[PDB]
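The file coords.pdb comes next; it holds PDB, C-alpha atoms.
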ATOM      1  CA  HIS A3468      98.671  53.722  83.825
ATOM      2  CA  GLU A3469      97.691  51.029  86.316
ATOM      3  CA  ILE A3470      98.340  48.285  83.747
ATOM      4  CA  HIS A3471     101.699  49.853  82.882
ATOM      5  CA  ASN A3472     102.654  50.007  86.557
ATOM      6  CA  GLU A3473     101.702  46.358  87.113
ATOM      7  CA  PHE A3474     103.854  45.351  84.147
ATOM      8  CA  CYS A3475     106.808  47.424  85.339
ATOM      9  CA  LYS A3476     106.597  46.125  88.906
ATOM     10  CA  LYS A3477     106.126  42.538  87.764
ATOM     11  CA  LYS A3478     109.679  42.821  86.448
ATOM     12  CA  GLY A3479     112.427  44.560  88.384
ATOM     13  CA  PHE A3480     111.575  48.130  87.397
ATOM     14  CA  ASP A3481     109.394  51.082  88.329
ATOM     15  CA  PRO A3482     108.263  53.456  85.568
ATOM     16  CA  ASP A3483     110.245  56.452  86.829
ATOM     17  CA  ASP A3484     113.301  54.541  85.575
ATOM     18  CA  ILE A3485     112.066  55.397  82.081
ATOM     19  CA  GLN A3486     112.277  59.087  82.962
ATOM     20  CA  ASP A3487     115.707  58.504  84.521
ATOM     21  CA  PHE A3488     116.875  56.671  81.393
ATOM     22  CA  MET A3489     115.673  59.338  78.979
ATOM     23  CA  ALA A3490     117.117  62.070  81.213
ATOM     24  CA  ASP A3491     120.514  60.367  81.424
ATOM     25  CA  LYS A3492     120.700  59.527  77.713
ATOM     26  CA  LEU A3493     119.471  63.013  76.792
ATOM     27  CA  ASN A3494     121.930  64.689  79.174
ATOM     28  CA  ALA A3495     124.861  62.523  78.035
ATOM     29  CA  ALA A3496     124.752  64.173  74.585
ATOM     30  CA  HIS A3497     124.741  67.869  75.521
ATOM     31  CA  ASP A3498     128.444  67.656  76.432
ATOM     32  CA  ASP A3499     131.491  68.922  74.543
ATOM     33  CA  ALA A3500     132.773  67.381  71.290
ATOM     34  CA  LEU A3501     129.108  67.181  70.209
ATOM     35  CA  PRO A3502     128.070  63.754  68.890
ATOM     36  CA  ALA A3503     124.406  64.742  68.399
ATOM     37  CA  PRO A3504     123.354  68.393  68.237
ATOM     38  CA  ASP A3505     120.205  67.218  66.444
ATOM     39  CA  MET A3506     117.681  66.359  69.139
ATOM     40  CA  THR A3507     115.345  64.408  66.865
ATOM     41  CA  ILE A3508     117.596  61.469  65.932
ATOM     42  CA  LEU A3509     118.729  61.086  69.556
ATOM     43  CA  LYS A3510     115.108  61.234  70.719
ATOM     44  CA  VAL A3511     114.129  58.549  68.199
ATOM     45  CA  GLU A3512     116.982  56.270  69.254
ATOM     46  CA  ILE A3513     116.191  56.608  72.960
ATOM     47  CA  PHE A3514     112.531  55.973  72.058
ATOM     48  CA  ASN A3515     113.571  52.705  70.424
ATOM     49  CA  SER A3516     115.843  51.927  73.374
ATOM     50  CA  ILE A3517     112.889  52.423  75.732
ATOM     51  CA  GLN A3518     110.654  50.243  73.552
ATOM     52  CA  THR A3519     113.252  47.462  73.474
ATOM     53  CA  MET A3520     114.987  47.597  76.863
ATOM     54  CA  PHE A3521     112.068  48.449  79.148
ATOM     55  CA  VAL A3522     108.506  48.254  77.777
ATOM     56  CA  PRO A3523     107.833  46.114  74.682
ATOM     57  CA  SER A3524     104.805  46.729  72.509
ATOM     58  CA  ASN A3525     102.825  43.696  73.644
ATOM     59  CA  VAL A3526     102.082  44.662  77.249
ATOM     60  CA  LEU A3527      98.443  45.705  76.935
ATOM     61  CA  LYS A3528      97.488  42.748  74.738
ATOM     62  CA  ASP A3529      99.203  40.239  77.028
ATOM     63  CA  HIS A3530      97.572  41.759  80.106
ATOM     64  CA  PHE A3531      94.147  41.521  78.545
ATOM     65  CA  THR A3532      94.675  37.953  77.305
ATOM     66  CA  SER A3533      95.733  36.991  80.819
ATOM     67  CA  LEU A3534      92.745  38.866  82.225
ATOM     68  CA  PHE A3535      89.922  36.837  80.694
ATOM     69  CA  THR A3536      89.557  33.126  81.286
ATOM     70  CA  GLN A3537      88.365  32.469  77.708
ATOM     71  CA  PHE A3538      89.378  33.695  74.280
ATOM     72  CA  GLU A3539      85.745  34.459  73.433
ATOM     73  CA  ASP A3540      85.824  37.087  76.179
ATOM     74  CA  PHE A3541      89.106  38.583  74.977
ATOM     75  CA  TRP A3542      87.900  38.626  71.370
ATOM     76  CA  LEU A3543      84.635  40.373  72.298
ATOM     77  CA  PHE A3544      86.524  42.764  74.583
ATOM     78  CA  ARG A3545      88.865  43.752  71.748
ATOM     79  CA  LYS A3546      85.980  44.078  69.297
ATOM     80  CA  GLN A3547      84.321  46.559  71.654
ATOM     81  CA  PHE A3548      87.579  48.270  72.649
ATOM     82  CA  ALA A3549      88.254  49.158  69.022
ATOM     83  CA  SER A3550      84.861  50.835  68.584
ATOM     84  CA  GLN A3551      84.955  52.611  71.940
ATOM     85  CA  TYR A3552      88.514  53.786  71.330
ATOM     86  CA  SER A3553      87.400  55.072  67.941
ATOM     87  CA  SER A3554      84.695  57.097  69.704
ATOM     88  CA  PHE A3555      87.268  58.311  72.239
ATOM     89  CA  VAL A3556      89.651  59.354  69.451
ATOM     90  CA  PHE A3557      86.806  61.256  67.787
ATOM     91  CA  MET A3558      85.948  63.034  71.046
ATOM     92  CA  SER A3559      89.638  63.854  71.473
ATOM     93  CA  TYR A3560      90.036  65.012  67.852
ATOM     94  CA  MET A3561      86.920  67.127  67.564
ATOM     95  CA  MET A3562      86.938  69.956  70.172
ATOM     96  CA  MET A3563      90.765  69.608  70.328
ATOM     97  CA  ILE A3564      91.061  68.253  73.851
ATOM     98  CA  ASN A3565      94.458  68.052  75.486
ATOM     99  CA  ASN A3566      97.161  65.426  75.953
ATOM    100  CA  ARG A3567      95.628  62.044  76.707
ATOM    101  CA  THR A3568      98.156  60.547  79.084
ATOM    102  CA  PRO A3569      97.560  56.906  80.063
ATOM    103  CA  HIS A3570      96.195  57.808  83.501
ATOM    104  CA  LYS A3571      93.374  59.824  81.965
ATOM    105  CA  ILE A3572      92.063  56.912  79.859
ATOM    106  CA  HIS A3573      89.891  54.414  81.729
ATOM    107  CA  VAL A3574      88.742  51.035  80.452
ATOM    108  CA  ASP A3575      85.938  48.746  81.658
ATOM    109  CA  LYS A3576      87.260  45.205  81.998
ATOM    110  CA  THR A3577      83.779  43.695  81.690
ATOM    111  CA  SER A3578      82.599  45.435  78.537
ATOM    112  CA  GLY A3579      85.491  47.073  76.737
ATOM    113  CA  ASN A3580      84.026  50.535  77.225
ATOM    114  CA  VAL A3581      86.563  53.356  77.101
ATOM    115  CA  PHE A3582      86.083  56.744  78.686
ATOM    116  CA  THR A3583      88.278  59.588  79.803
ATOM    117  CA  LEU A3584      88.403  62.222  82.501
ATOM    118  CA  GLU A3585      89.779  65.767  82.290
ATOM    119  CA  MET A3586      88.029  66.543  79.005
ATOM    120  CA  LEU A3587      89.453  70.043  78.758
ATOM    121  CA  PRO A3588      89.896  71.549  75.282
ATOM    122  CA  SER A3589      93.100  73.326  74.334
ATOM    123  CA  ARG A3590      92.681  77.029  73.560
ATOM    124  CA  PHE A3591      95.824  78.740  72.402
ATOM    125  CA  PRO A3592      96.104  82.520  72.866
ATOM    126  CA  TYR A3593      97.817  83.042  69.528
ATOM    127  CA  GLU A3594      96.000  83.589  66.290
ATOM    128  CA  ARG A3595      99.501  83.511  64.799
ATOM    129  CA  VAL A3596     100.106  79.744  64.959
ATOM    130  CA  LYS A3597      98.027  78.246  62.094
ATOM    131  CA  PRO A3598      98.813  76.475  58.809
ATOM    132  CA  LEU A3599      95.865  78.352  57.306
ATOM    133  CA  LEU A3600      95.903  82.077  56.587
ATOM    134  CA  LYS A3601      94.811  84.882  58.907
ATOM    135  CA  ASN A3602      92.710  87.177  56.723
ATOM    136  CA  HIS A3603      90.760  85.581  53.877
ATOM    137  CA  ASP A3604      89.447  82.217  55.090
ATOM    138  CA  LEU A3605      88.424  83.720  58.440
ATOM    139  CA  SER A3606      88.025  87.341  59.559
TER
ATOM    140  CA  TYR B3260     112.930  69.166  85.227
ATOM    141  CA  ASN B3261     112.112  68.298  81.600
ATOM    142  CA  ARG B3262     111.430  71.921  80.581
ATOM    143  CA  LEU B3263     115.153  72.250  79.685
ATOM    144  CA  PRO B3264     115.943  74.579  82.617
ATOM    145  CA  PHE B3265     119.678  74.286  81.851
ATOM    146  CA  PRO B3266     121.680  71.643  79.971
ATOM    147  CA  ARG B3267     121.665  70.118  83.492
ATOM    148  CA  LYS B3268     125.149  70.147  84.967
ATOM    149  CA  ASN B3269     123.977  70.241  88.601
ATOM    150  CA  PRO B3270     120.755  72.272  88.803
ATOM    151  CA  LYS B3271     118.991  74.050  91.656
ATOM    152  CA  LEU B3272     115.386  74.786  92.551
ATOM    153  CA  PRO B3273     113.675  78.046  91.592
ATOM    154  CA  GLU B3274     112.572  80.367  94.354
ATOM    155  CA  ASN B3275     108.855  80.134  93.541
ATOM    156  CA  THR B3276     108.749  76.354  93.975
ATOM    157  CA  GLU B3277     110.492  76.694  97.346
ATOM    158  CA  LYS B3278     108.088  79.425  98.451
ATOM    159  CA  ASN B3279     105.161  77.291  97.246
ATOM    160  CA  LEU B3280     106.318  74.298  99.261
ATOM    161  CA  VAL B3281     107.020  76.362 102.382
ATOM    162  CA  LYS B3282     103.463  77.677 101.972
ATOM    163  CA  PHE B3283     102.172  74.105 101.582
ATOM    164  CA  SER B3284     104.117  73.057 104.684
ATOM    165  CA  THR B3285     102.100  75.548 106.736
ATOM    166  CA  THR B3286      98.939  74.428 104.910
ATOM    167  CA  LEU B3287      99.818  70.796 105.819
ATOM    168  CA  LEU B3288      98.721  68.962 108.946
ATOM    169  CA  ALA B3289     100.135  70.594 112.045
ATOM    170  CA  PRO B3290     101.566  68.290 114.729
ATOM    171  CA  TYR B3291     103.394  65.386 113.101
ATOM    172  CA  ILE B3292     103.639  65.918 109.332
ATOM    173  CA  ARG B3293     105.446  69.273 109.576
ATOM    174  CA  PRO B3294     108.602  68.428 111.651
ATOM    175  CA  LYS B3295     109.411  65.681 109.121
ATOM    176  CA  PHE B3296     108.361  67.584 105.996
ATOM    177  CA  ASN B3297     110.421  70.586 107.087
ATOM    178  CA  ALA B3298     113.512  68.394 107.537
ATOM    179  CA  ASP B3299     113.553  67.859 103.753
ATOM    180  CA  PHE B3300     113.887  71.421 102.477
ATOM    181  CA  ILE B3301     115.918  73.229 105.156
ATOM    182  CA  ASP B3302     119.125  71.174 104.795
ATOM    183  CA  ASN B3303     119.603  71.950 101.047
ATOM    184  CA  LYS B3304     117.804  68.805  99.929
ATOM    185  CA  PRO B3305     116.314  70.860  97.026
ATOM    186  CA  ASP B3306     118.879  70.565  94.251
ATOM    187  CA  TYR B3307     116.492  68.975  91.663
ATOM    188  CA  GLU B3308     118.015  65.525  92.244
ATOM    189  CA  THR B3309     117.556  64.769  95.938
ATOM    190  CA  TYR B3310     114.270  66.670  95.808
ATOM    191  CA  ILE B3311     112.820  64.231  93.265
ATOM    192  CA  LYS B3312     114.448  61.287  95.067
ATOM    193  CA  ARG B3313     112.881  62.417  98.345
ATOM    194  CA  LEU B3314     109.494  62.835  96.674
ATOM    195  CA  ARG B3315     109.687  59.357  95.146
ATOM    196  CA  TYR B3316     110.703  57.841  98.491
ATOM    197  CA  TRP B3317     107.850  59.596 100.286
ATOM    198  CA  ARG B3318     105.360  58.635  97.562
ATOM    199  CA  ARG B3319     106.355  54.964  97.773
ATOM    200  CA  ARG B3320     106.185  54.928 101.576
ATOM    201  CA  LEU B3321     102.797  56.633 101.528
ATOM    202  CA  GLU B3322     101.420  54.248  98.921
ATOM    203  CA  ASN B3323     102.537  51.265 101.009
ATOM    204  CA  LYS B3324     100.948  52.856 104.090
ATOM    205  CA  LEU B3325      97.658  53.456 102.270
ATOM    206  CA  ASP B3326      97.760  49.945 100.817
ATOM    207  CA  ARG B3327      98.161  48.411 104.282
ATOM    208  CA  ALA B3328      94.961  50.163 105.400
TER
END

Any chance you could give the structure as structure tokens?
Amino acid sequence: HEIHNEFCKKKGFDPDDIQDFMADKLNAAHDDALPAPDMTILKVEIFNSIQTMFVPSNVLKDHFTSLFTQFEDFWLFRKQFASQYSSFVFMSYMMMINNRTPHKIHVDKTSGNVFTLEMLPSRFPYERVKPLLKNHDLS
Amino acid sequence: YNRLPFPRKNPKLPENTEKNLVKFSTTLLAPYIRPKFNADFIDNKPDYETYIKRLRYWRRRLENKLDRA
């Protein structure tokens, strides 16, 4: 989240403009003479409009290449970031922990070590929501 | 605001959020925070648009104040 905010404020934006943009483009299609009752196609096209107009998909890589004064350091950082992010994805996948927003994921800029705070699993009250059956595979 | 409260013509605040913030205003700091915090929910500033704009303005001013410490 800090890296994203530095990128947004380095240009002429602030990242609540993304929420304003998705709110305006999502509210501009609920009106009469319906051009898009399907929410999914409109959500995909405003996702692409966010990825093109506001935040391209090279922000994190460019920030970390500008961070280290040598490419050996960036290469070793990425080599460790991939393994530590694999461990983080396993800890998020097993035990079913919640939404990993980009302010809950912390990165060490001297090692590449990734950790996270708010490691709270998600327990749903329903036994009704499941792709598997209710009776035979588990009682 | 993103929970789809309405299809968002010109929305208004729920009563529980207003009672929560008037509770938090008494649980704030007494002498100087309260006469300025109270001037931003008495005059119908909660209408889900100026409320969020006020909160963003106050958050930016507070982050500049804490960064000049």

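Picture a line from CA of residue 3552 (chain A) to CA of residue 3581 (chain A); it runs 6.1 Å.
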
>> Counting only C-alpha atoms, a student should be able to say which residues of chain B come within 10 Å of chain A; what is the right answer, written as a list in words?
In response: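 Result: residues 3260, 3261, 3266, 3267, 3268 and 3315 of chain B.
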
> residue 3526 (chain A): which residues within 9 Å, counting only C-alpha atoms, same-chain residues fewer than 5 positions away excluded, as JSON, numbers by chain?
Replying inline: {"A": [3470, 3471, 3474, 3531]}

> the PyMOL selection byres ((chain B and resi 3293-3305) around 12) on the file shown: which residues, as number ranges by chain?
Replying inline: B: 3269-3274, 3276-3292, 3306-3314, 3316-3317

>> What would the selection look like, as a list in words, if the PyMOL selection byres ((chain A and resi 3558) around 12) were run on the coordinates I just shared?
In response: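 So the PyMOL selection byres ((chain A and resi 3558) around 12), applied here, picks out residues 3551, 3552, 3553, 3554, 3555, 3556, 3557, 3559, 3560, 3561, 3562, 3563, 3564, 3565, 3567, 3581, 3582, 3583, 3584, 3586, 3587 and 3588 of chain A.
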
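Note that the spacing between CA of residue 3570 (chain A) and CA of residue 3592 (chain A) amounts to 26.9 Å.
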
> For the file shown, what are the residues hit by the PyMOL selection byres ((chain A and resi 3509-3521) around 8), laid out as an MDAnalysis selection string?
Replying inline: chainID A and resid 3485 3489 3492:3493 3503 3505:3508 3522:3524

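Closest to residue 3548 (chain A) among A:3479, A:3598, A:3579, A:3569 is A:3579, based on only C-alpha atoms.
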
> Could you state the separation of CA of residue 3573 (chain A) and CA of residue 3527 (chain A) in Å, given to one decimal place?
Replying inline: 13.1 Å

> In terms of the shortest atom-to-atom distance over all atoms listed in the file, which of A:3566, A:3525, A:3602, A:3580 is closest to residue 3543 (chain A)?
Replying inline: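 So, comparing all the options, the nearest one is A:3580.
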
>> Here is a test: counting only C-alpha atoms, which residue of A:3606, A:3532, A:3568, A:3589 is nearest to residue 3545 (chain A)?
In response: A:3532
